[PDB]
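**Student:** Got a structure for you, upload32.csv, holding CSV, C-alpha atoms and all ligand atoms.
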chain,number,residue,atom,x,y,z
A,1,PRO,CA,-91.4,-134.9,-9.2
A,2,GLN,CA,-88.5,-132.4,-9.5
A,3,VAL,CA,-85.0,-133.8,-9.6
A,4,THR,CA,-81.7,-132.1,-9.1
A,5,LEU,CA,-78.6,-133.4,-11.0
A,6,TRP,CA,-76.1,-134.2,-8.3
A,7,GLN,CA,-76.7,-137.8,-9.2
A,8,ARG,CA,-77.8,-139.5,-12.4
A,9,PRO,CA,-81.5,-139.0,-13.0
A,10,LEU,CA,-82.4,-142.7,-13.0
A,11,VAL,CA,-86.0,-143.8,-13.0
A,12,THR,CA,-87.9,-147.1,-13.1
A,13,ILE,CA,-89.5,-148.1,-16.4
A,14,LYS,CA,-91.9,-150.9,-17.3
A,15,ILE,CA,-91.9,-152.2,-20.8
A,16,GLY,CA,-92.9,-155.5,-22.3
A,17,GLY,CA,-93.9,-156.7,-18.9
A,18,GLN,CA,-90.4,-156.2,-17.5
A,19,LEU,CA,-88.9,-153.7,-14.9
A,20,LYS,CA,-85.7,-151.8,-15.7
A,21,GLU,CA,-83.9,-148.7,-14.7
A,22,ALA,CA,-83.2,-145.9,-17.2
A,23,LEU,CA,-81.6,-142.5,-17.5
A,24,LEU,CA,-83.8,-139.4,-18.2
A,25,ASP,CA,-81.6,-138.0,-21.0
A,26,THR,CA,-82.3,-134.6,-22.4
A,27,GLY,CA,-79.2,-135.1,-24.7
A,28,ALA,CA,-80.9,-138.0,-26.5
A,29,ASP,CA,-83.4,-137.4,-29.3
A,30,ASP,CA,-84.6,-141.0,-29.2
A,31,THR,CA,-85.1,-143.8,-26.6
A,32,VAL,CA,-82.4,-146.5,-26.6
A,33,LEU,CA,-82.6,-149.7,-24.4
A,34,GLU,CA,-80.1,-152.5,-23.9
A,35,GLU,CA,-80.9,-155.8,-25.5
A,36,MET,CA,-84.2,-157.2,-24.3
A,37,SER,CA,-87.1,-159.2,-25.6
A,38,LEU,CA,-90.0,-157.3,-27.1
A,39,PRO,CA,-93.1,-158.6,-28.8
A,40,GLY,CA,-93.7,-157.8,-32.5
A,41,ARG,CA,-92.1,-156.5,-35.7
A,42,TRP,CA,-89.2,-154.2,-35.8
A,43,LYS,CA,-87.0,-152.3,-38.3
A,44,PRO,CA,-83.2,-152.3,-38.8
A,45,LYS,CA,-81.7,-148.9,-38.0
A,46,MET,CA,-78.4,-147.3,-37.1
A,47,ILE,CA,-77.8,-144.5,-34.7
A,48,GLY,CA,-74.8,-142.5,-33.6
A,49,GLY,CA,-73.2,-141.3,-30.3
A,50,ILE,CA,-70.0,-140.1,-28.8
A,51,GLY,CA,-67.8,-143.0,-29.7
A,52,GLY,CA,-69.3,-143.9,-33.0
A,53,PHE,CA,-72.3,-146.0,-34.2
A,54,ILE,CA,-74.4,-149.0,-33.2
A,55,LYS,CA,-77.0,-151.1,-35.0
A,56,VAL,CA,-80.4,-151.1,-33.2
A,57,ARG,CA,-83.9,-152.5,-33.7
A,58,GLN,CA,-86.7,-150.0,-34.0
A,59,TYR,CA,-90.0,-150.8,-32.4
A,60,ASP,CA,-92.9,-148.4,-33.0
A,61,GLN,CA,-96.0,-147.8,-30.9
A,62,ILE,CA,-94.5,-149.6,-27.9
A,63,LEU,CA,-96.2,-149.2,-24.5
A,64,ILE,CA,-93.7,-148.0,-21.9
A,65,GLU,CA,-94.2,-146.8,-18.3
A,66,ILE,CA,-91.7,-144.2,-17.2
A,67,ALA,CA,-91.7,-143.3,-13.5
A,68,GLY,CA,-95.4,-144.1,-13.3
A,69,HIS,CA,-96.3,-142.2,-16.5
A,70,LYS,CA,-97.6,-144.2,-19.5
A,71,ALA,CA,-96.4,-143.3,-23.0
A,72,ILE,CA,-96.5,-145.0,-26.4
A,73,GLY,CA,-93.7,-144.4,-28.8
A,74,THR,CA,-90.7,-145.6,-30.6
A,75,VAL,CA,-88.1,-147.6,-28.7
A,76,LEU,CA,-84.7,-148.6,-30.1
A,77,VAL,CA,-83.1,-151.7,-28.9
A,78,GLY,CA,-79.4,-152.4,-29.3
A,79,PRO,CA,-76.0,-152.5,-27.6
A,80,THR,CA,-76.2,-149.2,-25.7
A,81,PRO,CA,-74.2,-149.3,-22.4
A,82,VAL,CA,-77.2,-147.9,-20.5
A,83,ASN,CA,-80.9,-147.6,-20.9
A,84,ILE,CA,-81.7,-144.1,-22.1
A,85,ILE,CA,-85.1,-142.3,-22.1
A,86,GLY,CA,-84.8,-139.7,-24.9
A,87,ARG,CA,-86.8,-136.6,-25.9
A,88,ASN,CA,-89.4,-138.6,-27.9
A,89,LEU,CA,-90.7,-140.0,-24.6
A,90,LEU,CA,-89.8,-137.2,-22.3
A,91,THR,CA,-92.2,-134.8,-24.1
A,92,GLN,CA,-95.0,-137.3,-23.6
A,93,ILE,CA,-94.6,-137.4,-19.8
A,94,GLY,CA,-94.3,-133.6,-19.8
A,95,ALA,CA,-90.7,-133.4,-18.6
A,96,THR,CA,-89.1,-130.0,-18.6
A,97,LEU,CA,-85.6,-128.6,-17.9
A,98,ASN,CA,-85.1,-125.6,-15.6
A,99,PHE,CA,-82.0,-123.5,-15.7
B,1,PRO,CA,-85.6,-120.2,-17.9
B,2,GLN,CA,-87.7,-123.3,-18.2
B,3,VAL,CA,-87.5,-125.3,-21.4
B,4,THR,CA,-89.7,-128.0,-22.8
B,5,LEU,CA,-88.1,-130.8,-24.8
B,6,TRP,CA,-89.9,-130.7,-28.2
B,7,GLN,CA,-86.6,-129.5,-29.6
B,8,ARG,CA,-83.0,-130.1,-28.5
B,9,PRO,CA,-82.2,-128.0,-25.4
B,10,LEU,CA,-79.4,-126.0,-27.0
B,11,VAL,CA,-77.8,-123.0,-25.3
B,12,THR,CA,-75.1,-120.5,-26.0
B,13,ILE,CA,-71.8,-121.0,-24.1
B,14,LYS,CA,-68.7,-118.9,-23.8
B,15,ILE,CA,-65.4,-120.5,-23.0
B,16,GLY,CA,-61.8,-119.5,-23.7
B,17,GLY,CA,-63.1,-116.2,-25.2
B,18,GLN,CA,-65.2,-118.0,-27.9
B,19,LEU,CA,-68.9,-118.5,-28.5
B,20,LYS,CA,-70.4,-121.9,-29.1
B,21,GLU,CA,-73.7,-123.8,-28.9
B,22,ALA,CA,-74.1,-126.8,-26.6
B,23,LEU,CA,-76.7,-129.3,-25.6
B,24,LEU,CA,-77.9,-129.3,-22.0
B,25,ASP,CA,-77.5,-133.0,-21.4
B,26,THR,CA,-78.8,-134.7,-18.2
B,27,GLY,CA,-77.6,-138.0,-19.6
B,28,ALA,CA,-73.9,-136.9,-19.5
B,29,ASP,CA,-71.9,-137.1,-16.2
B,30,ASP,CA,-69.2,-134.8,-17.6
B,31,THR,CA,-68.9,-131.9,-20.1
B,32,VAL,CA,-67.5,-132.8,-23.5
B,33,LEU,CA,-66.7,-130.2,-26.2
B,34,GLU,CA,-65.6,-130.6,-29.8
B,35,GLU,CA,-62.0,-129.8,-30.7
B,36,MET,CA,-61.1,-126.2,-29.8
B,37,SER,CA,-58.2,-124.2,-28.5
B,38,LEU,CA,-58.0,-123.8,-24.7
B,39,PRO,CA,-55.2,-122.1,-22.7
B,40,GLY,CA,-53.2,-124.2,-20.2
B,41,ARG,CA,-52.2,-127.7,-19.1
B,42,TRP,CA,-54.5,-130.8,-19.7
B,43,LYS,CA,-54.6,-134.5,-18.9
B,44,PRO,CA,-55.0,-137.4,-21.3
B,45,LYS,CA,-58.3,-139.2,-20.6
B,46,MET,CA,-60.7,-141.7,-22.3
B,47,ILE,CA,-64.5,-141.7,-22.0
B,48,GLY,CA,-67.3,-143.8,-23.3
B,49,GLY,CA,-70.6,-143.4,-25.0
B,50,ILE,CA,-73.2,-145.2,-27.1
B,51,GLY,CA,-70.9,-146.3,-30.0
B,52,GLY,CA,-67.7,-146.9,-28.0
B,53,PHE,CA,-64.9,-144.7,-26.8
B,54,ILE,CA,-62.9,-141.5,-27.6
B,55,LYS,CA,-59.7,-140.0,-26.3
B,56,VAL,CA,-60.2,-136.5,-24.8
B,57,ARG,CA,-58.1,-133.8,-23.2
B,58,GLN,CA,-59.1,-133.0,-19.6
B,59,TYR,CA,-59.0,-129.3,-18.5
B,60,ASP,CA,-59.7,-128.5,-14.9
B,61,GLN,CA,-60.9,-125.2,-13.3
B,62,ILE,CA,-61.9,-123.9,-16.7
B,63,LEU,CA,-64.2,-120.8,-16.7
B,64,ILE,CA,-67.3,-121.4,-18.8
B,65,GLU,CA,-70.4,-119.3,-19.3
B,66,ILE,CA,-73.6,-121.3,-19.9
B,67,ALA,CA,-76.7,-119.4,-21.0
B,68,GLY,CA,-75.4,-116.4,-19.0
B,69,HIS,CA,-74.5,-118.4,-15.9
B,70,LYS,CA,-70.8,-118.6,-15.0
B,71,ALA,CA,-69.3,-121.8,-13.7
B,72,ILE,CA,-65.8,-123.2,-13.2
B,73,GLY,CA,-65.2,-126.9,-13.7
B,74,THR,CA,-63.7,-129.7,-15.7
B,75,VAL,CA,-64.2,-129.6,-19.4
B,76,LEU,CA,-63.2,-132.5,-21.7
B,77,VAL,CA,-62.1,-131.7,-25.3
B,78,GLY,CA,-62.1,-134.4,-28.0
B,79,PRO,CA,-63.9,-135.8,-31.0
B,80,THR,CA,-67.5,-135.7,-29.7
B,81,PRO,CA,-70.0,-135.1,-32.6
B,82,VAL,CA,-71.7,-132.3,-30.5
B,83,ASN,CA,-70.9,-130.0,-27.6
B,84,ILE,CA,-72.4,-131.5,-24.4
B,85,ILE,CA,-72.9,-129.7,-21.1
B,86,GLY,CA,-73.0,-132.5,-18.5
B,87,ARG,CA,-74.1,-132.8,-14.9
B,88,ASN,CA,-70.8,-131.5,-13.5
B,89,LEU,CA,-71.7,-128.1,-14.8
B,90,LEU,CA,-75.5,-128.4,-14.7
B,91,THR,CA,-75.5,-128.6,-10.9
B,92,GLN,CA,-73.4,-125.4,-10.8
B,93,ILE,CA,-76.0,-123.4,-12.7
B,94,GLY,CA,-78.8,-124.9,-10.7
B,95,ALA,CA,-80.5,-126.9,-13.5
B,96,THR,CA,-83.2,-129.3,-12.5
B,97,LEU,CA,-85.4,-131.8,-14.3
B,98,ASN,CA,-89.2,-131.8,-13.8
B,99,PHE,CA,-91.3,-134.9,-14.7
C,1,LIG,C1,-81.2,-140.1,-32.1
C,1,LIG,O1,-81.2,-141.0,-31.0
C,1,LIG,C2,-80.1,-140.9,-30.1
C,1,LIG,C3,-80.2,-141.2,-28.7
C,1,LIG,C4,-79.1,-141.2,-27.9
C,1,LIG,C5,-77.8,-140.9,-28.3
C,1,LIG,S1,-76.4,-140.9,-27.2
C,1,LIG,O2,-76.5,-141.8,-26.1
C,1,LIG,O3,-75.1,-141.0,-27.8
C,1,LIG,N1,-76.3,-139.3,-26.5
C,1,LIG,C6,-76.3,-138.2,-27.4
C,1,LIG,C7,-75.3,-137.1,-27.0
C,1,LIG,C8,-75.5,-135.9,-27.9
C,1,LIG,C9,-73.9,-137.6,-27.2
C,1,LIG,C10,-77.0,-139.0,-25.2
C,1,LIG,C11,-76.1,-138.7,-24.0
C,1,LIG,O4,-76.9,-138.4,-22.8
C,1,LIG,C12,-75.1,-139.9,-23.6
C,1,LIG,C13,-75.9,-141.1,-23.0
C,1,LIG,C14,-75.0,-142.2,-22.5
C,1,LIG,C15,-74.7,-142.4,-21.1
C,1,LIG,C16,-73.8,-143.3,-20.6
C,1,LIG,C17,-73.2,-144.3,-21.5
C,1,LIG,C18,-73.5,-144.1,-22.9
C,1,LIG,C19,-74.4,-143.1,-23.3
C,1,LIG,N2,-74.1,-139.5,-22.7
C,1,LIG,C20,-72.7,-139.8,-22.9
C,1,LIG,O5,-72.3,-140.2,-23.9
C,1,LIG,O6,-71.8,-139.4,-21.9
C,1,LIG,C21,-70.6,-140.1,-21.8
C,1,LIG,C22,-69.3,-139.2,-21.7
C,1,LIG,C23,-69.8,-137.9,-21.0
C,1,LIG,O7,-69.9,-138.0,-19.5
C,1,LIG,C24,-70.1,-139.3,-18.9
C,1,LIG,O8,-71.4,-139.7,-18.8
C,1,LIG,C25,-71.7,-140.8,-19.6
C,1,LIG,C26,-70.5,-141.0,-20.5
C,1,LIG,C27,-69.4,-140.4,-19.7
C,1,LIG,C28,-68.4,-139.8,-20.6
C,1,LIG,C29,-77.7,-140.6,-29.7
C,1,LIG,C30,-78.8,-140.6,-30.6
If you took the structure in this file and wrote it as structure tokens, what would it be?
**Tutor:**
Amino acid sequence: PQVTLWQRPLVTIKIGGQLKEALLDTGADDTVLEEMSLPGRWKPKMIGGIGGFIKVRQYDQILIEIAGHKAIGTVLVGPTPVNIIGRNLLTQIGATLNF
Amino acid sequence: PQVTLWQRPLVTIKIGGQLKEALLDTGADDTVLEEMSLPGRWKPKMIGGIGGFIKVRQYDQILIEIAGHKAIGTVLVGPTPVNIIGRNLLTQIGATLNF
């Protein structure tokens, strides 16, 4: 689908058996989700945004469905104020920007 | 132009007579630029991102050229780590997202 930007580009995602809403975010290199339960082993990592930094947990090779499209990749979990789908997953579902 | 997302979607902007690079950011409601000199009166405002909050200066009806396209709108200036073009300006240049 094509989406204009008069509203936030929110989509439905499915990850770890659960349904959530997330923001398609061309401004984000990586994917960052609010606190949630994931299966498996993770790695401690710190990332930075507009107001400073947060500690996240890094999960690799995680299956995630984004607006119907399946992708496997790294997902960071930590105290972000919103679920963000970043470029590491956007390239996998073939998202482009038109200006 | 259409742009894929294997790299950051950076474009050239011109604002207040100066040339800068900025990120086309569908995840940002508003436009936030690093500290720079602008002409005119502004308003004190605070905005929030992944690691917390920052104080910005809000400039209205500012002329800004984004990748060749002229737009007039609100620009926030403050200690963001990167120049961000948000949805308030992206709609004006007709940017869309395709997934
Ligand atoms: C390497 O991996 C990553 C992944 C993500 C991030 S990030 O989240 O910091 N970011 C990067 C951006 C260059 C600042 C993406 C934006 O799209 C955020 C995403 C985000 C949205 C909402 C809340 C928190 C984060 N936009 C936002 O800060 O905008 C505010 C300010 C700009 O306009 C408005 O829209 C959202 C708020 C608000 C004021 C950093 C590193």
**Student:** Based on all atoms listed in the file, which of the residues in chain B come within 9 Å of chain A? I want them as a PyMOL selection string.
**Tutor:** chain B and resi 1-9+23-29+47-54+67+79-82+84+87-88+90-91+93-99
**Student:** Which residue out of A:19, A:76, A:63, A:36 has the minimum interatomic distance to ligand LIG 1 (chain C) when all atoms listed in the file are used?
**Tutor:**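 That would be A:76, the residue with the smallest distance to ligand LIG 1 (chain C).
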**Student:** Just the number, please: distance in Å from atom CA of residue 44 of chain B to atom CA of residue 21 of chain B, one decimal.
**Tutor:**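 Those two atoms sit 24.3 Å apart.
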**Student:** Least-squares superpose chain A onto chain B - every C-alpha atom, paired in order - and show me the moved coordinates as an mmCIF file with C-alpha atoms, in the frame of the given file.
**Tutor:**
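Just written: selection.cif:
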data_model
loop_
_atom_site.group_PDB
_atom_site.id
_atom_site.type_symbol
_atom_site.label_atom_id
_atom_site.label_comp_id
_atom_site.auth_asym_id
_atom_site.auth_seq_id
_atom_site.Cartn_x
_atom_site.Cartn_y
_atom_site.Cartn_z
ATOM 1 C CA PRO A 1 -85.600 -120.147 -17.910
ATOM 2 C CA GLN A 2 -87.773 -123.298 -18.230
ATOM 3 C CA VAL A 3 -87.439 -125.328 -21.390
ATOM 4 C CA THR A 4 -89.666 -127.987 -22.803
ATOM 5 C CA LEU A 5 -88.108 -130.856 -24.864
ATOM 6 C CA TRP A 6 -89.877 -130.708 -28.185
ATOM 7 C CA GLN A 7 -86.593 -129.510 -29.566
ATOM 8 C CA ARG A 8 -83.003 -130.040 -28.482
ATOM 9 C CA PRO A 9 -82.186 -127.961 -25.430
ATOM 10 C CA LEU A 10 -79.374 -125.971 -27.054
ATOM 11 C CA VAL A 11 -77.847 -123.017 -25.290
ATOM 12 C CA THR A 12 -75.044 -120.525 -25.956
ATOM 13 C CA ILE A 13 -71.780 -121.016 -24.071
ATOM 14 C CA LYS A 14 -68.689 -118.835 -23.756
ATOM 15 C CA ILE A 15 -65.410 -120.471 -23.044
ATOM 16 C CA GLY A 16 -61.851 -119.461 -23.718
ATOM 17 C CA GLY A 17 -63.082 -116.263 -25.220
ATOM 18 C CA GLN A 18 -65.106 -118.083 -27.876
ATOM 19 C CA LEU A 19 -68.942 -118.491 -28.491
ATOM 20 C CA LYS A 20 -70.415 -121.936 -29.161
ATOM 21 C CA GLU A 21 -73.661 -123.742 -28.933
ATOM 22 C CA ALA A 22 -74.109 -126.769 -26.649
ATOM 23 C CA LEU A 23 -76.651 -129.326 -25.550
ATOM 24 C CA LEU A 24 -77.923 -129.321 -21.900
ATOM 25 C CA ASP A 25 -77.487 -133.081 -21.343
ATOM 26 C CA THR A 26 -78.811 -134.671 -18.224
ATOM 27 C CA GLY A 27 -77.550 -138.074 -19.632
ATOM 28 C CA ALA A 28 -73.928 -136.895 -19.465
ATOM 29 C CA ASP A 29 -71.949 -137.031 -16.222
ATOM 30 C CA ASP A 30 -69.213 -134.805 -17.626
ATOM 31 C CA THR A 31 -68.874 -131.859 -20.087
ATOM 32 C CA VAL A 32 -67.519 -132.787 -23.534
ATOM 33 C CA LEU A 33 -66.689 -130.150 -26.268
ATOM 34 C CA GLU A 34 -65.558 -130.598 -29.854
ATOM 35 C CA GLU A 35 -61.973 -129.790 -30.620
ATOM 36 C CA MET A 36 -61.103 -126.215 -29.752
ATOM 37 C CA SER A 37 -58.207 -124.213 -28.448
ATOM 38 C CA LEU A 38 -57.943 -123.756 -24.707
ATOM 39 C CA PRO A 39 -55.232 -122.108 -22.675
ATOM 40 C CA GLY A 40 -53.183 -124.207 -20.208
ATOM 41 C CA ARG A 41 -52.282 -127.747 -19.136
ATOM 42 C CA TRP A 42 -54.448 -130.703 -19.661
ATOM 43 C CA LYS A 43 -54.569 -134.465 -18.931
ATOM 44 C CA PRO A 44 -55.021 -137.461 -21.279
ATOM 45 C CA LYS A 45 -58.283 -139.284 -20.582
ATOM 46 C CA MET A 46 -60.709 -141.665 -22.226
ATOM 47 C CA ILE A 47 -64.437 -141.666 -21.969
ATOM 48 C CA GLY A 48 -67.219 -143.860 -23.255
ATOM 49 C CA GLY A 49 -70.625 -143.442 -25.020
ATOM 50 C CA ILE A 50 -73.151 -145.244 -27.094
ATOM 51 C CA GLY A 51 -70.944 -146.287 -29.941
ATOM 52 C CA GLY A 52 -67.771 -146.886 -28.062
ATOM 53 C CA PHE A 53 -64.851 -144.716 -26.793
ATOM 54 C CA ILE A 54 -62.960 -141.528 -27.613
ATOM 55 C CA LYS A 55 -59.718 -140.003 -26.357
ATOM 56 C CA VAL A 56 -60.225 -136.506 -24.835
ATOM 57 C CA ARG A 57 -58.169 -133.815 -23.106
ATOM 58 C CA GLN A 58 -59.159 -132.924 -19.584
ATOM 59 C CA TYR A 59 -58.985 -129.327 -18.526
ATOM 60 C CA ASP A 60 -59.681 -128.510 -14.868
ATOM 61 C CA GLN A 61 -60.878 -125.264 -13.314
ATOM 62 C CA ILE A 62 -61.933 -123.860 -16.692
ATOM 63 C CA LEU A 63 -64.154 -120.750 -16.757
ATOM 64 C CA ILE A 64 -67.275 -121.393 -18.830
ATOM 65 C CA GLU A 65 -70.447 -119.305 -19.308
ATOM 66 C CA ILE A 66 -73.551 -121.363 -19.896
ATOM 67 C CA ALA A 67 -76.682 -119.460 -20.934
ATOM 68 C CA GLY A 68 -75.481 -116.424 -19.008
ATOM 69 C CA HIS A 69 -74.487 -118.410 -15.889
ATOM 70 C CA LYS A 70 -70.778 -118.568 -14.936
ATOM 71 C CA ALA A 71 -69.308 -121.859 -13.708
ATOM 72 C CA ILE A 72 -65.792 -123.218 -13.212
ATOM 73 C CA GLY A 73 -65.182 -126.870 -13.713
ATOM 74 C CA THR A 74 -63.741 -129.644 -15.689
ATOM 75 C CA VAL A 75 -64.141 -129.611 -19.458
ATOM 76 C CA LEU A 76 -63.194 -132.501 -21.754
ATOM 77 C CA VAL A 77 -62.135 -131.779 -25.214
ATOM 78 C CA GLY A 78 -62.137 -134.388 -27.958
ATOM 79 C CA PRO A 79 -63.916 -135.737 -31.037
ATOM 80 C CA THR A 80 -67.496 -135.654 -29.725
ATOM 81 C CA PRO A 81 -70.062 -135.045 -32.543
ATOM 82 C CA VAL A 82 -71.713 -132.283 -30.489
ATOM 83 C CA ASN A 83 -70.888 -130.011 -27.643
ATOM 84 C CA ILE A 84 -72.397 -131.446 -24.482
ATOM 85 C CA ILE A 85 -72.969 -129.693 -21.105
ATOM 86 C CA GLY A 86 -72.990 -132.544 -18.544
ATOM 87 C CA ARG A 87 -74.101 -132.862 -14.901
ATOM 88 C CA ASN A 88 -70.795 -131.494 -13.500
ATOM 89 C CA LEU A 89 -71.755 -128.071 -14.877
ATOM 90 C CA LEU A 90 -75.477 -128.344 -14.779
ATOM 91 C CA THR A 91 -75.469 -128.605 -10.946
ATOM 92 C CA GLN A 92 -73.451 -125.405 -10.779
ATOM 93 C CA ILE A 93 -76.023 -123.360 -12.732
ATOM 94 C CA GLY A 94 -78.781 -124.960 -10.644
ATOM 95 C CA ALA A 95 -80.478 -126.862 -13.462
ATOM 96 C CA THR A 96 -83.222 -129.238 -12.492
ATOM 97 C CA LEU A 97 -85.413 -131.809 -14.306
ATOM 98 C CA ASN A 98 -89.195 -131.872 -13.817
ATOM 99 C CA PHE A 99 -91.260 -134.897 -14.598
#
**Student:** Atom CA of residue 61 of chain A and atom CA of residue 11 of chain A are how many Å apart?
**Tutor:** 20.9 Å
**Student:** Name all residues at most 8 Å from residue 43 of chain B (count all atoms listed in the file; drop same-chain ones fewer than 5 positions away) and give them as a VMD selection string.
**Tutor:** chain B and resid 57 to 59
**Student:** Using only C-alpha atoms, which protein or nucleic acid residues come within 7 Å of residue 60 of chain B? Drop anything in the same chain fewer than 2 positions from it, and give the result as a list in words.
**Tutor:**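 After dropping sequence-adjacent residues, the list is residues 58, 62, 73, 74 and 75 of chain B.
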**Student:** Compare A:56, A:35, A:40, A:72 by their minimum atom-to-atom distance to ligand LIG 1 (chain C), counting only C-alpha atoms and all ligand atoms, and give me the closest one.
**Tutor:** A:56
**Student:** Between B:46, B:64, B:71, B:38, which residue has the minimum interatomic distance to ligand LIG 1 (chain C), considering all atoms listed in the file?
**Tutor:**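 Nearest to ligand LIG 1 (chain C): B:46.
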**Student:** Just checking: using all atoms listed in the file, which residue out of A:30, A:14, A:39, A:70 ends up closest to ligand LIG 1 (chain C)?
**Tutor:**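 Of all the options, A:30 lies closest to ligand LIG 1 (chain C).
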**Student:** Could you work out how far atom CA of residue 13 of chain A lies from atom CA of residue 37 of chain A, giving the answer in Å with one decimal?
**Tutor:**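 Atom CA of residue 13 of chain A lies at a distance of 14.6 Å from atom CA of residue 37 of chain A.
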**Student:** Please complete segment 16-31 of chain B so it has N, CA, C and O atoms, and hand it over as a PDB file, in the coordinates of the input.
**Tutor:**
ATOM      1  N   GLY B  16     -63.114-119.810 -23.068  1.00  0.00           N
ATOM      2  CA  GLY B  16     -61.800-119.500 -23.700  1.00  0.00           C
ATOM      3  C   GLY B  16     -61.959-118.321 -24.675  1.00  0.00           C
ATOM      4  O   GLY B  16     -61.289-118.315 -25.705  1.00  0.00           O
ATOM      5  N   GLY B  17     -62.815-117.356 -24.360  1.00  0.00           N
ATOM      6  CA  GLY B  17     -63.100-116.200 -25.200  1.00  0.00           C
ATOM      7  C   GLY B  17     -63.930-116.468 -26.451  1.00  0.00           C
ATOM      8  O   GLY B  17     -64.158-115.538 -27.218  1.00  0.00           O
ATOM      9  N   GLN B  18     -64.425-117.693 -26.641  1.00  0.00           N
ATOM     10  CA  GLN B  18     -65.200-118.000 -27.900  1.00  0.00           C
ATOM     11  C   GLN B  18     -66.611-118.411 -27.622  1.00  0.00           C
ATOM     12  O   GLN B  18     -66.954-118.915 -26.556  1.00  0.00           O
ATOM     13  N   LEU B  19     -67.463-118.165 -28.618  1.00  0.00           N
ATOM     14  CA  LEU B  19     -68.900-118.500 -28.500  1.00  0.00           C
ATOM     15  C   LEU B  19     -69.222-119.756 -29.227  1.00  0.00           C
ATOM     16  O   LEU B  19     -68.830-119.950 -30.375  1.00  0.00           O
ATOM     17  N   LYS B  20     -69.972-120.631 -28.565  1.00  0.00           N
ATOM     18  CA  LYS B  20     -70.400-121.900 -29.100  1.00  0.00           C
ATOM     19  C   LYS B  20     -71.794-122.270 -28.698  1.00  0.00           C
ATOM     20  O   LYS B  20     -72.314-121.686 -27.755  1.00  0.00           O
ATOM     21  N   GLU B  21     -72.418-123.218 -29.391  1.00  0.00           N
ATOM     22  CA  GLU B  21     -73.700-123.800 -28.900  1.00  0.00           C
ATOM     23  C   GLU B  21     -73.483-125.150 -28.330  1.00  0.00           C
ATOM     24  O   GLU B  21     -72.652-125.918 -28.807  1.00  0.00           O
ATOM     25  N   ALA B  22     -74.206-125.456 -27.263  1.00  0.00           N
ATOM     26  CA  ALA B  22     -74.100-126.800 -26.600  1.00  0.00           C
ATOM     27  C   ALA B  22     -75.415-127.266 -26.130  1.00  0.00           C
ATOM     28  O   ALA B  22     -76.351-126.498 -25.898  1.00  0.00           O
ATOM     29  N   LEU B  23     -75.472-128.575 -25.958  1.00  0.00           N
ATOM     30  CA  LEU B  23     -76.700-129.300 -25.600  1.00  0.00           C
ATOM     31  C   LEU B  23     -76.689-129.476 -24.046  1.00  0.00           C
ATOM     32  O   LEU B  23     -75.751-130.016 -23.461  1.00  0.00           O
ATOM     33  N   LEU B  24     -77.739-128.994 -23.389  1.00  0.00           N
ATOM     34  CA  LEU B  24     -77.900-129.300 -22.000  1.00  0.00           C
ATOM     35  C   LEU B  24     -78.270-130.801 -21.887  1.00  0.00           C
ATOM     36  O   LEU B  24     -79.323-131.231 -22.380  1.00  0.00           O
ATOM     37  N   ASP B  25     -77.391-131.582 -21.262  1.00  0.00           N
ATOM     38  CA  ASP B  25     -77.500-133.000 -21.400  1.00  0.00           C
ATOM     39  C   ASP B  25     -77.498-133.731 -20.020  1.00  0.00           C
ATOM     40  O   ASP B  25     -76.444-133.993 -19.449  1.00  0.00           O
ATOM     41  N   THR B  26     -78.691-134.053 -19.525  1.00  0.00           N
ATOM     42  CA  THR B  26     -78.800-134.700 -18.200  1.00  0.00           C
ATOM     43  C   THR B  26     -78.269-136.151 -18.263  1.00  0.00           C
ATOM     44  O   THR B  26     -78.003-136.744 -17.220  1.00  0.00           O
ATOM     45  N   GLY B  27     -78.083-136.686 -19.466  1.00  0.00           N
ATOM     46  CA  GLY B  27     -77.600-138.000 -19.600  1.00  0.00           C
ATOM     47  C   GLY B  27     -76.060-138.131 -19.601  1.00  0.00           C
ATOM     48  O   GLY B  27     -75.514-139.216 -19.679  1.00  0.00           O
ATOM     49  N   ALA B  28     -75.390-136.988 -19.476  1.00  0.00           N
ATOM     50  CA  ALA B  28     -73.900-136.900 -19.500  1.00  0.00           C
ATOM     51  C   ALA B  28     -73.391-136.547 -18.099  1.00  0.00           C
ATOM     52  O   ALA B  28     -73.781-135.506 -17.551  1.00  0.00           O
ATOM     53  N   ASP B  29     -72.491-137.367 -17.542  1.00  0.00           N
ATOM     54  CA  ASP B  29     -71.900-137.100 -16.200  1.00  0.00           C
ATOM     55  C   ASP B  29     -70.983-135.829 -16.365  1.00  0.00           C
ATOM     56  O   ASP B  29     -70.986-134.945 -15.504  1.00  0.00           O
ATOM     57  N   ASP B  30     -70.181-135.820 -17.426  1.00  0.00           N
ATOM     58  CA  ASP B  30     -69.200-134.800 -17.600  1.00  0.00           C
ATOM     59  C   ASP B  30     -69.488-133.922 -18.876  1.00  0.00           C
ATOM     60  O   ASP B  30     -70.362-134.241 -19.682  1.00  0.00           O
ATOM     61  N   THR B  31     -68.750-132.827 -19.005  1.00  0.00           N
ATOM     62  CA  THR B  31     -68.900-131.900 -20.100  1.00  0.00           C
ATOM     63  C   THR B  31     -67.896-132.194 -21.205  1.00  0.00           C
ATOM     64  O   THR B  31     -66.704-132.299 -20.941  1.00  0.00           O
TER      65      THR B  31
END
